[PDB]
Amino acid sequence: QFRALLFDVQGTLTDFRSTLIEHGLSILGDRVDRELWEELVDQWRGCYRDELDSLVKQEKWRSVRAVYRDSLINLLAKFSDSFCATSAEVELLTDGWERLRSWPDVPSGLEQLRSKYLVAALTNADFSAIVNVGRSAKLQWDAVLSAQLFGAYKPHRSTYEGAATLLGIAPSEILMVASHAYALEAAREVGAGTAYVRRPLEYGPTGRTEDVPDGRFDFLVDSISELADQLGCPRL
């Protein structure tokens, strides 16, 4: 009954928090302590989510690379007593979001799924960022979709339905996979299946998440390969 699985990428398939922490400490040396940089990374992600919320209200799309770059410039001025960055380093730091590493279950989970389903990315990141993330995270897709293709971010209905028509299948034949409830709820509005992936470390050891009970979505799993088993995909 499903033909394709569409995936959230940042956080759902990739550990962006550990990636961005190590990336920044690699670019900036002992100019910044780990505790301060991790705090910057958490506010960076928060800045990103807040700007996308405003843009969704405004019915606007804008390059997400620019969203990361501009919010980082803002944070760099706020933390300017503790450390500084040249313009070149700002570009290298922003590049960290295009170098996300994946959770360990992800590459083999996707391969297990492909025996029965098309697998495609549906990310709010720009098209070039998700292509680059495919290399850093070792993701091999049937197709790569981005908000850039549709002029709107998730949860907007044109993203899910544009994905379905591009893929030539019915929305009810799409299973949306995510670690973010808001993206599953939005796929539900257009008729797609829902699969929630719990990522307890998406926001680090002291992170908090709205809890998801069993039965709220069609599937509730702790890895992509667990999802593949519950969908009937043979192992290896």
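Each residue number is its position in the shown sequence, starting from 1.
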May I ask you to compare 224-232 and 9-17 by their mean CA B factor in the entry and name the higher one? 224-232
Going by the entry, of stretches 132-140 and 70-78 the one with greater average Cα B-factor is 70-78
Out of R45, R34, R199, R62, highest CA B-factor residue: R34
How does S158 rank on Cα B-factor within its chain, lowest, middle or highest third? middle
Tertile call for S87 (CA temperature factor, within chain, third-based) is the highest
Split the chain's modelled residues into thirds by Cα B-factor; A186 lands in the middle
Looking at the temperature factor on the CA atom of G151, which third of the chain's modelled residues does it land in? highest
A178 - Cα temperature factor, lowest/middle/highest third of chain: lowest
